[PDB]
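Here's the structure we're looking at; comments come further down.
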Amino acid sequence: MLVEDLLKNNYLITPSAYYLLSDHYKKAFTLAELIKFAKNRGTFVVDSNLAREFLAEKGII
Amino acid sequence: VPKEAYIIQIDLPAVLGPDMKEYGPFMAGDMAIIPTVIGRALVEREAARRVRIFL
Amino acid sequence: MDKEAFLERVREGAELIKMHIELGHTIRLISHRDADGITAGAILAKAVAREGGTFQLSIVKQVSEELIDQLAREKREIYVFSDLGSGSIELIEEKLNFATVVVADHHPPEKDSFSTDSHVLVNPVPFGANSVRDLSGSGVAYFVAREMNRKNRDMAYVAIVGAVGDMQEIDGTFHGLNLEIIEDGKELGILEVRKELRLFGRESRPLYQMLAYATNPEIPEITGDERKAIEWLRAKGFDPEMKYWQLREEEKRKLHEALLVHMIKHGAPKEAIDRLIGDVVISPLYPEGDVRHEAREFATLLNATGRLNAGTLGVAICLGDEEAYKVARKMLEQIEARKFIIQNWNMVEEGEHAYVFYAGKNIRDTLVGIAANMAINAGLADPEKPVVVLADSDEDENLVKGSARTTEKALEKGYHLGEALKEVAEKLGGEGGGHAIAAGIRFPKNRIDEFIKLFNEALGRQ
């Protein structure tokens, strides 16, 4: 349900990025953690590149 | 799923909507009918403008 | 023309679009950058929305392999091309055979239809229509949208805007299938055809700028000389700061009679004189004085948005969006065209009988005729030597366009710029020719040096 939650704060996500993050949402990272990671990269789009870099910085394997 | 017309002002990959449908990808300058949730977010990011179509 | 055979293609293309709309598929629209394509894009975009469908419209400079490859990777269900694609039928067959394709165009196609299935070419040329006068790209879009839903007849004025932008009425009147669109707009009361001065600027330009910038037709000794235009309008009893629409009907007749006499005195061609007063398409949907109130002025605004990578902003205007119109006007030349040719008149190539000034991209190909007249009326060139301004064609990167202008006194040395330009046109590969004092030519960019030597040798031989 991160599509609606990211949209609530004006964040878009690609379908491939949803594939890599949906199962981990609310279990291994918070919406605020993902939003902060995206904002520090100066983007409001969550793509597969940002998703893989996000899971890497968080230590989610 | 309410939809409106917007001029997407940046390049943009395909993104998911609330209905789990795919929307895009968009070339900078495209005009598309997309769900208002996505369009309003792009408007707030100053990445799109609404366009009214009087029918 | 085989109108019934053409209408069968129109229904085919319309039925395919509506079938995908009822299947829930996003209609992917690709349209051309100029006024004809911007109006054509807005016609099809509104037609899809009117059926409850979804579109994604792209306004492009041209159809290329790189563009088709991007569209193919999008993996759409139906691609709709308007005002382009006729010359890319086999490219589209190859890279988009996985999807429905509809091409709505008026340019001469390389094939009279598609060989692949679910691909329909909606083009009147293979059925006997004249490409440049019987129907424009926006007109084909209008026919297809009208077949989708007769309520789309409310876009008849938008279609004529594109038709005027495509110079379908270059001879002062409409022809072919354009007349069917004009009658539709009259029935709905959204357009009216006036018999008035056909020069650009009847809504937003002062009368002296309307005369000084006249190109179709040109007005001798006045085109390109704002000072002579102000002087001429004062002597004839007109406020040069007044707008054409502000004149009473008797004042307009006074202007027409005065301009026509001035053109007969100064040896204007009969073709130019016959085209001065003719069809001017007006729309009651907009206030008089608004740029959108007149088709040529409207088409001029759209071409402006297209040159600033803001084509869809112009599409939004055609759809009735008032904010986009406000944004476009705040976002938006002849004064810089005179400043350039004056401050760069060291780049000319004067021969034994003519000047040749190649401006490159610094001057639009449409302002080339005015620029040549400005070189005469600004103390830059000997009036006894004709002037030729050249500029890169904005539609073809490998071609160049030019106009040849001279004065009346210089005509009395044996010069004829039409026969001179018709000779070099058939010696370099391209169009060319015109009248005695004004003529144009379009030839390859890689042979500019050969043009200067041949044109001077041709002029000196006269």
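Residue numbers (the numbering used here), protein chains in the order written: chain B, 261 to 321; chain F, 2 to 56; chain H, 57 to 518.
Note that beta-carbon positions come from the ideal geometry of N, C-alpha and C, so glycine has one too.
- Leaving aside the five residues that flank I124 of chain H on each side, the residues in its chain whose CB is nearer than 8 Å to its CB run, in chain order, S144, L147, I148, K151, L152.
- Identification of residues in the stretch 8-20 of chain F having a C-beta nearer than 8 Å to some C-beta of chain B yields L13, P14, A15, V16, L17, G18, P19, given in sequence order.
- By the C-beta criterion, the stretch 180-188 of chain H is judged not to be in contact with the stretch 68-83 of chain H, since fewer than 3 inter-stretch pairs fall below 8 Å.
- When the five nearest sequence neighbours on each side are left out, the beta carbons in the same chain lying within less than 6 Å of the beta carbon of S114 of chain H are those of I86, in order along the chain.
- For a Cβ distance threshold of 7 Å, residue set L267, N270, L272 of chain B lies close to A42 of chain F, ordered along the chain.
- Three or more Cβ pairs closer than 8 Å define a contact, and the stretch 317-332 of chain H meets that threshold against the stretch 273-293 of chain H.
- Counting only unbroken stretches of 4 or more residues, the alpha helix (DSSP H) elements lying wholly within the stretch 187-246 of chain H are 193-204, 212-221, 234-244, in sequence order.
- Taken in chain order, the whole alpha helix (DSSP H) runs of length 4 or more contained in the stretch 349-387 of chain H are 351-363, 367-374, 378-387.
- Residues of chain F with a Cβ closer than 9 Å to the Cβ of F297 of chain B do not exist; the shortest Cβ-Cβ separation is about 17 Å.
- Listed in chain order, the beta strand (DSSP E) elements of length 3 or more contained wholly in the stretch 427-451 of chain H are 443-448.
- Chain F has no Cβ within less than 8 Å of the Cβ of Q265 of chain H.
- Closest by C-alpha distance to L388 of chain H, out of H:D438, H:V347, H:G69, is H:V347.
- The three-state reading of DSSP puts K287 of chain B in coil, since its state is none of H, G, I, E or B.
- Taking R261 of chain H as reference, the option from H:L303, H:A384, H:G108, H:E248 with the minimal CA-CA separation is H:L303.
- Non-local beta-carbon contacts of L281 of chain B in its own chain, meaning distances under 7 Å to residues more than five positions away in sequence, involve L262, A311 in chain order.
- By the criterion of at least three beta-carbon pairs nearer than 8 Å, the stretch 87-106 of chain H is not in contact with the stretch 125-133 of chain H.
- The C-beta distance from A466 of chain H to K441 of chain H rounds to 7 Å, short enough to fall under 8 Å.
- When DSSP reads this structure, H409 of chain H sits in no beta bridge, so it has no partner.
- Within the same chain, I226, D227, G228, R254, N272, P273 come within 8 Å of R331 of chain H by CB-CB distance, once the 5 residues on both sides are set aside.
- Counting C-beta pairs closer than 8 Å gives three or more between the stretch 99-113 of chain H and the stretch 32-40 of chain F, which meets the contact rule.
- The alpha helix (DSSP H) runs lying completely inside the stretch 273-357 of chain H and spanning 4 residues or more are 282-291, 305-321, 326-330, given in chain order.
- Note that the stretch 241-260 of chain H does not touch the stretch 155-167 of chain H; fewer than 3 beta-carbon pairs, one per stretch, sit closer than 8 Å.
- The stretch 162-175 of chain H and the stretch 115-122 of chain H do not touch, with fewer than 3 CB-CB distances between them shorter than 8 Å.
- As computed with DSSP, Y7 of chain F is found in a beta bridge with F:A33, F:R51.
- Around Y278 of chain B, the beta-carbon contacts reaching into chain F at under 7 Å are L17.
- Residues of chain F whose Cβ lies closer than 9 Å to the Cβ of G488 of chain H do not exist; the shortest such Cβ separation is about 36 Å.
- Taking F297 of chain B as reference, the option from B:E317, B:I273, B:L272, B:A288 with the minimal CA-CA separation is B:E317.
- Relative to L247 of chain H, the option among H:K501, H:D58, H:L341 whose CA is nearest is H:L341.
- A direct Cα-to-Cα measurement between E282 of chain H and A415 of chain H gives close to 22 Å.
- With fewer than 16 other Cβ atoms inside 10 Å of its own Cβ, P3 of chain F counts as exposed.
- The beta carbon of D307 of chain B falls within 8 Å of a beta carbon belonging to chain F, placing the residue at that interface.
- The Cβ-Cβ distance between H322 of chain H and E353 of chain H does not fall below 8 Å.
- Counting only residues of its own chain and dropping the five nearest sequence neighbours on each side, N429 of chain H has a CB closer than 6 Å to the CB of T279, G280, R461.
- A direct Cα-Cα distance of roughly 19 Å separates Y24 of chain F from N309 of chain B.
- Taking 8 Å as the CB threshold, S144 of chain H stays off the interface with chain F.
- At least one C-beta of chain H is nearer than 8 Å to the C-beta of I34 of chain F.
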